[PDB]
Structure formats: C-alpha cells, structure tokens
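For reference, the structure is listed below as structure tokens.
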Amino acid sequence: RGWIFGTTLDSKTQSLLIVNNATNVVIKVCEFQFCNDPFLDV
Amino acid sequence: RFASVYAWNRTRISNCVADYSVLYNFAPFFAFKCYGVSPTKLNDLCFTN
Amino acid sequence: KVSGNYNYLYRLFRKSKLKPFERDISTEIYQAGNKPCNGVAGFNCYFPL
Amino acid sequence: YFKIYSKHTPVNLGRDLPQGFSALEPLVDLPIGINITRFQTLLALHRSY
Amino acid sequence: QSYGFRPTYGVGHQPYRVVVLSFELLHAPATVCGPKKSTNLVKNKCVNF
Ligand SMILES: *[C@@H]1O[C@H](CO)[C@@H](O[C@@H]2O[C@H](CO)[C@@H](O)[C@H](O)[C@H]2NC(C)=O)[C@H](O)[C@H]1NC(C)=O
Ligand SMILES: *[C@@H]1O[C@H](CO)[C@@H](O[C@@H]2O[C@H](CO)[C@@H](O)[C@H](O)[C@H]2NC(C)=O)[C@H](O)[C@H]1NC(C)=O
Ligand SMILES: *[C@@H]1O[C@H](CO)[C@@H](O[C@@H]2O[C@H](CO)[C@@H](O)[C@H](O)[C@H]2NC(C)=O)[C@H](O)[C@H]1NC(C)=O
C-alpha cells in the first residue's frame, strides 16, 4: 500500500506516511511514533 | 581571596594557548550558562584579548 | 517587550554542520562532551534552544 | 521535491528482473524537509498469502 | 554596609563565588587561540599535512 520514511522513529523527530488507497494518496510530515507497519484493512 | 562585588578583581590575559576543557574540575560549576559565543565551540576560536 | 519577548528561539549547539534548506526542530539534550545526560539539562549538557 | 520515477512493464513472465532496458518517469514532486535515514513499506497484513 | 555570611543560611543567602569572562573577539590581532591539542604524526602513508 505505501512507504514510510523519517528517522529515530519516536516523536523526537518527524516522519513520513506515504500510503495509497483506491485512487488516493496521503502524506504527513509528522512526528509519528509506532512499532510496525500493520495498516489494518483487507 | 576572592574580592568583593563592589571592588571586583579584574585580570588581563596575554598571549597564551587557552584550553577551556581543563577547568571543569576547578569548581562545582553550579551554573555554566553562556551567551552568543558557545562553550562547546569555544576551544576553536581566537580572541583579541 | 518591556519585560521580555521570550517567544523566539534559536539553536547554538549541534553535533555537526547543517546542509542547505532543512530544519532541525527537536527538543533533546546536547551531550557537550563524553559526560552522559538524560534530559537533565544541567551542567555539561545545555538546552540547545 | 520527492521523486516518484515509475513505469509499468507487465511483460515479466516469472523471472526476477528479466534482462531488458526500460525508462522511468516521475509523476509527483514535493518538498517536505527532513533528515531521512530510515525506510519502510506497508503490506496487506490482514489478508496475506 | 556589612555583608556577613553564616553557614546556617539556606538557599538564596549562601555565598556564591562568581567569575565572569569577557571576550572582545573582533577583526584584530589575535593573542589567545584554542588549539586542537594536535594530532600525532604518521609516515609513509598519504595524509593531509
Ligand atoms: C484515502 O485515505 C485517506 C486518509 O488516509 C482518506 O481521506 C478522506 O477523504 C475524504 C474525501 O472527501 C474526506 O471526506 C475524509 O475526511 C478523508 N479522511 C481523512 C481521515 O482525512 C480516504 O480514505 C482516502 N482519500 C480520499 C478518498 O481522498
Ligand atoms: C586581581 O587579580 C588577582 C586575582 O585575585 C589578585 O592577585 C594577584 O594578581 C596578580 C596579577 O595582577 C598576580 O600576579 C598575583 O600572583 C596574584 N596574587 C597575589 C597574591 O598577588 C590581584 O591582587 C587582584 N588585584 C586587585 C584586586 O586590585
Ligand atoms: C539524521 O539523524 C541521525 C540521528 O541519529 C543522525 O545520526 C547521527 O549523526 C551525528 C552527526 O554525524 C552523529 O552523532 C552520528 O553519526 C549519529 N548519531 C546517532 C546517535 O545515531 C544523522 O547524522 C542525521 N543526518 C543528517 C544528514 O543530519
């Protein structure tokens, strides 16, 4: 579905949220804290 | 013999190789805030006086 | 501000230089030596902003 | 100015990267501003095989 | 007037010895320079002398 970029993971630094859906994509330059890609859907 | 505030003790420094990394053991160093010139990038700068 | 316009900040301490056209907005503690600090922001570890 | 150089070549018949020359063209370009040194992707985990 | 000190005094009244450094770094002949403690020498291998 998409790609993830950034550095140091935690909210200490910002990150990327590339993802596609049907006929859409959204990007977010935000300090995203996570642990795995699991984008629940299908 | 640290002088009083009203009569402060001024010292002039002459031509010297000054290393601002050995004085950390000279005082407890409760506060070491510094102004525009940074203490980290302080041992790479040359001063008039 | 007659009292203080403490609404603007700027960094002084970085591990290295900075390339052109990017931002280094982050709230961490500068090591400023081998002396390790963890958010203490005391002596030998100064707030970058 | 993120680059999305892409092309669709469904002529593959099973071999991984079959010997052949093909071009790539960007689609969408946009600057964000970040020190990126990490890469990851998202997979269809809820229904995989 | 008198500025005596007592060990029984708590925070805000204890004697705080203070030393301030003033720098006049400007486009002028330099008398004091902070060094790199120097890096040791090597032979028979290409280096930036
Ligand atoms: C693709 O996913 C995005 C979020 O990842 C969703 O965006 C929605 O788009 C519709 C279009 O009108 C809006 O009304 C919603 O408010 C959006 N949601 C969010 C959370 O922003 C949507 O699922 C897809 N994008 C589309 C359809 O443009
Ligand atoms: C200010 O400087 C020092 C710091 O307290 C005082 O002590 C002498 O300073 C001279 C340099 O001017 C040195 O050569 C001496 O070695 C220092 N010690 C002694 C015991 O003389 C100096 O007296 C102070 N001067 C004042 C307050 O007028
Ligand atoms: C992007 O951020 C990472 C965060 O770790 C940087 O990695 C650090 O870089 C500094 C400066 O070179 C050094 O302390 C180490 O190489 C790294 N430290 C740690 C703790 O990982 C990386 O250099 C940054 N990239 C850019 C271009 O600034």
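If you're wondering about the labels, chains in the structure tokens are A, B, ... by order shown, residues count from 1 in each chain, ligands from 1 in order shown.
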Give me the residues within 7 Å of residue B:17 as a tab-separated table (two decimals) with N, CA and C atoms, in the first residue's frame, counting only C-alpha atoms and dropping any in the same chain fewer than 2 places off.
chain	number	residue	atom	x	y	z
B	19	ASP	N	43.05	26.49	26.86
B	19	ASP	CA	42.21	25.31	26.68
B	19	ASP	C	41.08	25.37	27.70
E	32	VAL	N	45.22	35.09	21.88
E	32	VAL	CA	44.87	33.83	22.53
E	32	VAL	C	44.11	32.96	21.54
E	33	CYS	N	44.55	31.71	21.39
E	33	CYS	CA	43.89	30.78	20.44
E	33	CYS	C	43.67	29.42	21.11
E	34	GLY	N	42.48	28.84	20.96
E	34	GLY	CA	42.23	27.49	21.49
E	34	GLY	C	42.70	26.44	20.50
E	35	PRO	N	43.58	25.49	20.88
E	35	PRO	CA	44.17	24.56	19.93
E	35	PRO	C	43.37	23.25	19.80
Taking 6 positions as the minimum chain separation for residues in the same chain, which residues sit within 10 Å of residue E:25 when counting only C-alpha atoms? Answer as a ChimeraX atom specification. /B:37,45-49
Mind writing the picked residues with N, CA and C atoms as a short mmCIF file (atom, residue, chain, number, x, y, z; two decimals), in the first residue's frame?
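Saved as out_31.cif:
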data_model
loop_
_atom_site.label_atom_id
_atom_site.label_comp_id
_atom_site.auth_asym_id
_atom_site.auth_seq_id
_atom_site.Cartn_x
_atom_site.Cartn_y
_atom_site.Cartn_z
N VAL B 37 28.46 33.38 22.20
CA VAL B 37 29.60 32.51 21.96
C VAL B 37 29.41 31.23 22.78
N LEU B 45 38.24 29.04 18.75
CA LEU B 45 38.14 30.46 18.43
C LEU B 45 39.33 31.21 19.01
N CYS B 46 39.79 32.22 18.27
CA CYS B 46 40.91 33.06 18.67
C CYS B 46 40.40 34.44 19.06
N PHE B 47 40.84 34.91 20.22
CA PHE B 47 40.33 36.13 20.83
C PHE B 47 41.40 37.21 20.81
N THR B 48 40.97 38.46 20.61
CA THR B 48 41.90 39.58 20.69
C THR B 48 42.49 39.72 22.09
N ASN B 49 41.64 39.64 23.11
CA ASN B 49 42.08 39.73 24.50
C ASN B 49 40.97 39.19 25.38
#
For ligand 2, list the contacting residues at 8 Å or closer, counting only C-alpha atoms and all ligand atoms, as JSON, numbers by chain. {"B": [1, 2, 3, 7, 8, 9, 10, 11, 12]}
Could you dump the residues just selected with C-alpha atoms as a compact mmCIF listing (two decimals), in the first residue's frame?
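New file out-v2.txt:
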# COMPACT_ATOMS: atom_id res chain seq x y z
CA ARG B 1 40.98 35.99 48.47
CA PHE B 2 38.03 36.44 46.13
CA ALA B 3 37.39 40.18 46.13
CA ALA B 7 35.66 46.01 44.34
CA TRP B 8 35.78 43.33 41.68
CA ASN B 9 39.00 41.50 40.82
CA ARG B 10 39.88 42.02 37.15
CA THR B 11 42.64 40.10 35.38
CA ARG B 12 44.09 40.66 31.91
Excluding stretch 5-22 of chain C and its own-chain neighbours fewer than 2 positions away, which residues fall within 12 Å of it when counting only C-alpha atoms? Please give them as an MDAnalysis selection string. (chainID B and resid 34:42) or (chainID C and resid 1:3 24:33 45:49) or (chainID D and resid 1 31:36)
Given a cut-off of 12 Å, what residues near ligand 1 show up using only C-alpha atoms and all ligand atoms, put as a list in words?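 Answer in the requested format: residues 1, 2, 17, 18, 19, 20, 21, 22, 23, 24, 25, 26, 27, 28, 39, 40 and 41 of chain A.
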Preceding selection exported with N, CA, C and O atoms as a CSV table (one decimal), in the first residue's frame:
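To be explicit, this is the file written out as result33.csv:
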chain,number,residue,atom,x,y,z
A,1,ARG,N,0.8,-1.2,0.0
A,1,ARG,CA,0.0,0.0,0.0
A,1,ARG,C,0.9,1.3,0.0
A,1,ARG,O,0.5,2.2,-0.7
A,2,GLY,N,1.9,1.3,0.8
A,2,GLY,CA,2.7,2.6,0.9
A,2,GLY,C,4.1,2.4,1.4
A,2,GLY,O,4.6,1.3,1.6
A,17,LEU,N,4.6,9.3,5.9
A,17,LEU,CA,3.4,8.4,5.9
A,17,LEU,C,2.9,8.2,4.5
A,17,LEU,O,1.7,8.4,4.2
A,18,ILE,N,3.8,7.8,3.6
A,18,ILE,CA,3.3,7.5,2.2
A,18,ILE,C,2.4,6.3,2.3
A,18,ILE,O,2.7,5.3,2.9
A,19,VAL,N,1.2,6.4,1.6
A,19,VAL,CA,0.3,5.3,1.5
A,19,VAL,C,-0.7,5.7,0.4
A,19,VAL,O,-1.0,6.8,0.1
A,20,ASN,N,-1.2,4.6,-0.3
A,20,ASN,CA,-2.2,4.7,-1.3
A,20,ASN,C,-3.5,4.1,-0.9
A,20,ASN,O,-3.5,3.1,-0.1
A,21,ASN,N,-4.6,4.5,-1.5
A,21,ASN,CA,-5.9,3.8,-1.4
A,21,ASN,C,-6.8,4.1,-2.6
A,21,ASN,O,-6.9,5.3,-3.0
A,22,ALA,N,-7.4,3.1,-3.1
A,22,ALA,CA,-8.3,3.2,-4.3
A,22,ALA,C,-7.7,4.1,-5.4
A,22,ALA,O,-7.0,3.6,-6.3
A,23,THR,N,-7.9,5.4,-5.3
A,23,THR,CA,-7.4,6.4,-6.2
A,23,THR,C,-6.9,7.6,-5.4
A,23,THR,O,-7.1,8.7,-5.8
A,24,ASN,N,-6.3,7.3,-4.2
A,24,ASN,CA,-5.9,8.4,-3.3
A,24,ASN,C,-4.5,8.1,-2.7
A,24,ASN,O,-4.1,6.9,-2.6
A,25,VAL,N,-3.8,9.1,-2.4
A,25,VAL,CA,-2.6,9.0,-1.5
A,25,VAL,C,-2.6,10.2,-0.5
A,25,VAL,O,-3.2,11.2,-0.8
A,26,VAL,N,-2.0,10.0,0.6
A,26,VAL,CA,-1.9,11.0,1.7
A,26,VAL,C,-0.5,10.9,2.2
A,26,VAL,O,0.1,9.8,2.4
A,27,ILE,N,0.1,12.1,2.4
A,27,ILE,CA,1.4,12.2,3.0
A,27,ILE,C,1.3,13.1,4.2
A,27,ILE,O,0.5,14.0,4.2
A,28,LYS,N,2.1,12.8,5.3
A,28,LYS,CA,2.0,13.6,6.5
A,28,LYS,C,3.4,13.7,7.1
A,28,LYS,O,4.0,12.7,7.6
A,39,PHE,N,-1.1,-1.8,8.6
A,39,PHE,CA,-2.2,-0.9,8.3
A,39,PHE,C,-3.4,-1.7,8.1
A,39,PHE,O,-3.7,-2.2,7.0
A,40,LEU,N,-4.2,-1.9,9.2
A,40,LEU,CA,-5.3,-2.9,9.0
A,40,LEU,C,-6.3,-2.4,8.0
A,40,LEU,O,-6.7,-1.2,7.9
A,41,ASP,N,-6.7,-3.4,7.1
A,41,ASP,CA,-7.7,-3.1,6.1
A,41,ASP,C,-8.3,-4.4,5.5
A,41,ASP,O,-9.3,-4.9,6.0
If the cut-off is 6 Å, can you tell me the residues of chain A near chain D, counting only C-alpha atoms? I'd like them as number ranges by chain. A: 1-7, 37, 40, 42
Could you save those same residues with N, CA, C and O atoms as a short mmCIF file (atom, residue, chain, number, x, y, z; two decimals), in the first residue's frame?
data_model
loop_
_atom_site.label_atom_id
_atom_site.label_comp_id
_atom_site.auth_asym_id
_atom_site.auth_seq_id
_atom_site.Cartn_x
_atom_site.Cartn_y
_atom_site.Cartn_z
N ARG A 1 0.83 -1.23 0.00
CA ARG A 1 0.00 0.00 0.00
C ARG A 1 0.86 1.27 0.00
O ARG A 1 0.49 2.22 -0.72
N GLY A 2 1.94 1.31 0.78
CA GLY A 2 2.69 2.55 0.87
C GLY A 2 4.09 2.37 1.42
O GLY A 2 4.59 1.25 1.57
N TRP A 3 4.71 3.50 1.73
CA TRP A 3 6.09 3.59 2.21
C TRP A 3 6.15 4.47 3.46
O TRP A 3 5.30 5.32 3.70
N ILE A 4 7.19 4.25 4.26
CA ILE A 4 7.41 5.01 5.49
C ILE A 4 8.86 5.47 5.52
O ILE A 4 9.77 4.67 5.26
N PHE A 5 9.07 6.74 5.83
CA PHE A 5 10.40 7.32 5.98
C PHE A 5 10.50 8.04 7.32
O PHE A 5 9.60 7.97 8.16
N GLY A 6 11.61 8.75 7.51
CA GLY A 6 11.87 9.50 8.72
C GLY A 6 13.16 9.05 9.36
O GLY A 6 14.04 8.48 8.70
N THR A 7 13.28 9.32 10.66
CA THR A 7 14.46 8.89 11.41
C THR A 7 14.12 8.85 12.89
O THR A 7 13.25 9.58 13.37
N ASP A 37 4.33 -1.70 10.66
CA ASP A 37 3.50 -1.14 9.55
C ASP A 37 2.02 -1.57 9.65
O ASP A 37 1.18 -0.77 9.20
N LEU A 40 -4.21 -1.94 9.16
CA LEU A 40 -5.33 -2.87 9.05
C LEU A 40 -6.31 -2.42 7.97
O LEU A 40 -6.67 -1.24 7.89
N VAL A 42 -7.67 -4.93 4.52
CA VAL A 42 -8.17 -6.12 3.82
C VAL A 42 -8.32 -7.30 4.77
O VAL A 42 -9.29 -8.05 4.69
#
Within 9 Å of chain C: each chain A residue with its shortest pair, only C-alpha atoms, as JSON lines:
{"residue": "A:12", "atom": "CA", "partner": "C:26", "partner_atom": "CA", "distance": 6.3}
{"residue": "A:13", "atom": "CA", "partner": "C:26", "partner_atom": "CA", "distance": 6.4}
{"residue": "A:14", "atom": "CA", "partner": "C:26", "partner_atom": "CA", "distance": 8.9}
Only C-alpha atoms, please: the residues just picked out, written as a short mmCIF file (atom, residue, chain, number, x, y, z; two decimals), in the first residue's frame.
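Heads up, here's the output in out10.cif:
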data_model
loop_
_atom_site.label_atom_id
_atom_site.label_comp_id
_atom_site.auth_asym_id
_atom_site.auth_seq_id
_atom_site.Cartn_x
_atom_site.Cartn_y
_atom_site.Cartn_z
CA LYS A 12 11.70 13.16 19.00
CA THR A 13 11.94 13.60 15.22
CA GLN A 14 9.42 13.81 12.34
#
Enumerate as a list in words the residues belonging to chain E that approach chain B to within 12 Å, with only C-alpha atoms taken into account.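 Applying the cut-off to the listed atoms yields residues 1, 2, 3, 4, 15, 16, 17, 18, 19, 20, 21, 22, 23, 24, 25, 26, 27, 28, 29, 30, 31, 32, 33, 34, 35, 36 and 37 of chain E.
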Residues from the last selection, C-alpha atoms, saved as a compact mmCIF listing (two decimals), in the first residue's frame:
# COMPACT_ATOMS: atom_id res chain seq x y z
CA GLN E 1 27.35 48.10 54.85
CA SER E 2 28.04 44.69 56.34
CA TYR E 3 27.64 41.61 54.13
CA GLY E 4 28.38 38.84 56.60
CA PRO E 15 27.89 32.94 49.38
CA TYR E 16 28.14 32.27 45.64
CA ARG E 17 31.64 32.94 44.31
CA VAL E 18 31.23 34.34 40.80
CA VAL E 19 33.75 34.78 37.98
CA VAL E 20 32.75 36.28 34.62
CA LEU E 21 34.78 36.11 31.41
CA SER E 22 34.57 38.95 28.88
CA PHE E 23 35.69 38.46 25.28
CA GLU E 24 36.47 41.08 22.64
CA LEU E 25 36.64 38.77 19.62
CA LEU E 26 36.85 41.02 16.56
CA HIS E 27 38.93 41.71 13.46
CA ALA E 28 42.11 42.47 15.39
CA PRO E 29 45.47 40.79 16.05
CA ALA E 30 44.89 37.54 17.92
CA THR E 31 46.69 36.92 21.21
CA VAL E 32 44.87 33.83 22.53
CA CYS E 33 43.89 30.78 20.44
CA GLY E 34 42.23 27.49 21.49
CA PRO E 35 44.17 24.56 19.93
CA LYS E 36 43.14 21.04 18.77
CA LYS E 37 45.66 19.52 21.26
Near residue D:24, within 12 Å and counting only C-alpha atoms, which residues show up once chain neighbours fewer than 2 positions away are dropped, as a PyMOL selection string? chain D and resi 3-9+21-22+26-27
Export of the given selection (N, CA and C atoms) as a CSV table (one decimal), in the first residue's frame:
chain,number,residue,atom,x,y,z
D,3,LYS,N,10.7,12.4,-5.6
D,3,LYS,CA,10.6,11.9,-7.0
D,3,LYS,C,10.0,10.5,-7.0
D,4,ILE,N,9.1,10.3,-7.9
D,4,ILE,CA,8.3,9.1,-8.0
D,4,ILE,C,8.5,8.4,-9.3
D,5,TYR,N,9.7,8.4,-9.8
D,5,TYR,CA,10.0,7.8,-11.1
D,5,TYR,C,9.4,6.4,-11.1
D,6,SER,N,8.6,6.1,-12.1
D,6,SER,CA,7.8,4.9,-12.2
D,6,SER,C,7.5,4.6,-13.6
D,7,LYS,N,7.2,3.3,-13.8
D,7,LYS,CA,6.8,2.7,-15.1
D,7,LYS,C,6.2,1.3,-14.9
D,8,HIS,N,5.3,1.0,-15.7
D,8,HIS,CA,4.6,-0.4,-15.7
D,8,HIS,C,5.1,-1.2,-16.8
D,9,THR,N,5.7,-2.3,-16.5
D,9,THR,CA,6.2,-3.3,-17.6
D,9,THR,C,5.8,-4.7,-17.2
D,21,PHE,N,16.0,-3.3,-21.1
D,21,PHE,CA,16.2,-1.9,-20.7
D,21,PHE,C,14.8,-1.2,-20.7
D,22,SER,N,14.6,-0.4,-19.7
D,22,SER,CA,13.3,0.4,-19.6
D,22,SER,C,13.6,1.7,-19.0
D,26,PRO,N,9.1,10.5,-13.5
D,26,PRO,CA,8.4,10.9,-12.3
D,26,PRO,C,7.0,11.4,-12.5
D,27,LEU,N,6.2,11.3,-11.5
D,27,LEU,CA,4.8,11.7,-11.5
D,27,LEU,C,4.5,12.9,-10.6
